[PDB]
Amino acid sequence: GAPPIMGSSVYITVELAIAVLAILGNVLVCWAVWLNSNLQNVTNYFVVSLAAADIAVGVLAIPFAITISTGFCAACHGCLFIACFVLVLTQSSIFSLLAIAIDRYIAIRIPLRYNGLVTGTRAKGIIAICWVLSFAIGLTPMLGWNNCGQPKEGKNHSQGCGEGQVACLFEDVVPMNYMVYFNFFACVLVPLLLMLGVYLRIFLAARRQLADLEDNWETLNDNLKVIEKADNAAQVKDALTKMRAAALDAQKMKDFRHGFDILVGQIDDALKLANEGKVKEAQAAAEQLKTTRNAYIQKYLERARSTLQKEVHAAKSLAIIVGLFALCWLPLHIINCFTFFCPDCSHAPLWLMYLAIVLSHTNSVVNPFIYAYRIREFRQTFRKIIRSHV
């Protein structure tokens, strides 16, 4: 077998390349949110916490990963910290990603209550709490769920380690049942399936809300046709009742309210004439709704449709971030599953183990590119920062 330093040099060089890109890209994200008030919303406070976790991957986790690949002799609980710290940052990333999904779900389901419910203060408290929990979850092996009590005495003696020391290798100190059941199934897989369900509900809400907008609009126009060719006052009354309900329903901002005030007032005018049996005069009054429809109602329809389409597109951009997180981390989890569940299968080869580790670290590079390609407000802030400075 080739000298280990050769393959190790490749892995270390690649890790350092990734640490540099993770730092720069996510420093740039944080710098953008700090400078641009348009980016200073509650959603982006989770984006920032997520960016800080990825900066920490380059500053600390990658240097730790480089250290543990050497198998150096170390006290077992110090080895555990080196080995498990990255699990803290990944758990924090899960919480930030989940809060973002719930944040956007709240914004599309109850937008009028959003600013009263989701505030910057409460977001900070949630973020602080999630970091605490991430340390508890990620460092759970440091509380006794480890293999420090069953050291590899063959490795420790050949490595020449001292009293209470072990050859510091990830799979010799971290239990695989912890990695599969606790970390993967419970703390990663379950939150990802929840995020999937949240985003599905976000898209269902938008689809259902866009459909109501268009259904109310068609109800308005169809009933105008009904009124125009109606043959008696009663056919006009029934047509006008179905419009008044749609008018009040669509009403549930200065020029918006004034438009529906005009609309409802004209319907009531036509309704009163129709109750008095004045057919032609009711039809002529109902015909004046077209003015209001073209001047006010069409502009509100188009503006409400545009907001909803923006929320769909934004939700897609954030879902892509969740999907790249899964793409980058699942191979490592899936390999552990094979290692744990198939003791009769050969262990995955070393070159694959480190490709899977490298892939997981690349996730801390991608998020700033998604923002730059998919979020105009980030892309524009990135340009101004770059060309004003570098």
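Start at 1 and count along the sequence shown; that's the residue number.
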Problem set entry | Gap size between residue 253 and residue 252, counted in deposited residues that the entry leaves unmodelled | 10 or more
Exercise. Of 321-329 and 343-351, which one has the bigger average CA B-factor?
Worked result: 343-351
For this session: Quick one: say whether 83-91 or 277-285 has the higher mean Cα B-factor in the deposited entry.
Result: 277-285
Seminar exercise, completed: Residue set 110, 315, 205, 262, per-entry CA B-factor max assigned to 262
Problem set entry | Per the PDB entry, maximal CA B factor within 148, 133, 161, 169 | 161
Exercise. C-alpha B factor of residue 77, ranked within the chain: lowest, middle or highest third?
Worked result: middle
For this session: Tell me, lowest, middle or highest third: where does the Cα B factor of residue 115 rank within its chain?
Result: highest
For this session: Ordered by C-alpha B-factor within the chain, which third holds residue 301? Give me lowest, middle or highest, please.
Result: highest
For this session: Relative to the other modelled residues of the same chain, rank the CA B-factor of residue 199 and answer lowest, middle or highest third.
Result: middle
Exercise. Where does residue 101 sit by CA temperature factor within its chain: lowest, middle or highest third?
Worked result: lowest
